[PDB]
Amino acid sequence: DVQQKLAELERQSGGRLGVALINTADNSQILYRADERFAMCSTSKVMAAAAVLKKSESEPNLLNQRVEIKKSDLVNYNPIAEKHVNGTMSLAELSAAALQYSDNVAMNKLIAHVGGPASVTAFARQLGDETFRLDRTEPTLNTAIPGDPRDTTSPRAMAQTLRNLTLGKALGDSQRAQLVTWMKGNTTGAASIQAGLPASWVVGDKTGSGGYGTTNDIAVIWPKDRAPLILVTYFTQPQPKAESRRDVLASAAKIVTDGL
């Protein structure tokens, strides 16, 4: 019956909706188009950040290393990096900027540090994720062209990976905690999955948007007095200039958590 309501939601929205919920209470899943590929857009910032955190388990001072920010590094959306031009930022700072403000320079700096999009992809493979692929840098990774496999993953794979990163042992204790802390500090997702959940639940999420009105949110959710959930909501639309539909994500979140 949940599937019915997601299909009716997708029908009303006019686009293509991919949902994957893992309920860690009973290891159950709600899947909707969960094996289809969707452009990740900024939700891929989580994988780049984790790649850097993983590197730091072997290089402890890594997060304190400084990277220069120049005008040549600016792209389309640099809310934090633009304040630091001609200075340096630590990788920890860049990680926080990418995850909490969706800063695209920060993402490009993380990508560069671990050796480019193919290295981020190789990191995901090491975690058991054979679906994720990051192909391009910012800003082109957000084109979200229908049919284009570049910079895509599936809801099911991102839910399982995010589970590994945030609730599992893919990262060391210090590093997993850092990742969850950054995500719980996100500033950009109050209108997406969070908007479909009770005020009392705690969310750490990473949003994403791009071409074809693509609107995404990935989240680890701590309900009150319940085991955590992982929720992936991906949404994309037929028109290239379509507007973002964060409300669709909020409705999906409401639909699949009704009864928890």
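The first residue of the sequence shown is number 1, and the count goes up from there.
Quiz item: Averaged over C-alpha atoms, is the B-factor higher for 68-76 or for 113-121 in this PDB entry?
Solution: Averaged over C-alpha atoms, the B-factors run higher in 68-76.
Practice problem: Would you mind comparing 93-101 and 168-176 for me and telling me which has the higher average C-alpha temperature factor in the entry? | Solution: Between 93-101 and 168-176, it is 168-176.
Quiz item: What's the residue among 236, 239, 251, 13 with the greatest CA temperature factor in the PDB record?
Solution: Largest recorded C-alpha B-factor: 13.
Quiz prompt | Candidate residues 138, 151, 82, 129, the one whose C-alpha B factor the record puts highest | solution = Top of the list by C-alpha B-factor: 82.
Practice problem: Using the B-factor values recorded in the entry, state whether the Cα atom of residue 33 falls in the lowest, middle or highest third among the modelled residues of its chain. | Solution: Middle third.
Self-check item: Third assignment of residue 155 from its chain's C-alpha B-factors
Solution: It falls in the bottom third of the chain.
Practice problem: Determine, from the deposited record, the chain-internal third of the Cα B-factor for residue 40: lowest, middle or highest. | Solution: Tercile = lowest for this residue's CA B-factor.
Quiz item: By the record's CA B-factor, is residue 232 among the lowest, middle or highest third of residues in the chain?
Solution: Its C-alpha B-factor belongs to the lowest third of this chain's values.
Practice problem: Would you mind checking where the Cα B-factor of residue 143 ranks among the modelled residues of its chain, as the lowest, middle or highest third? | Solution: Lowest third - that is where residue 143 ends up once the chain's C-alpha B-factors are sorted.
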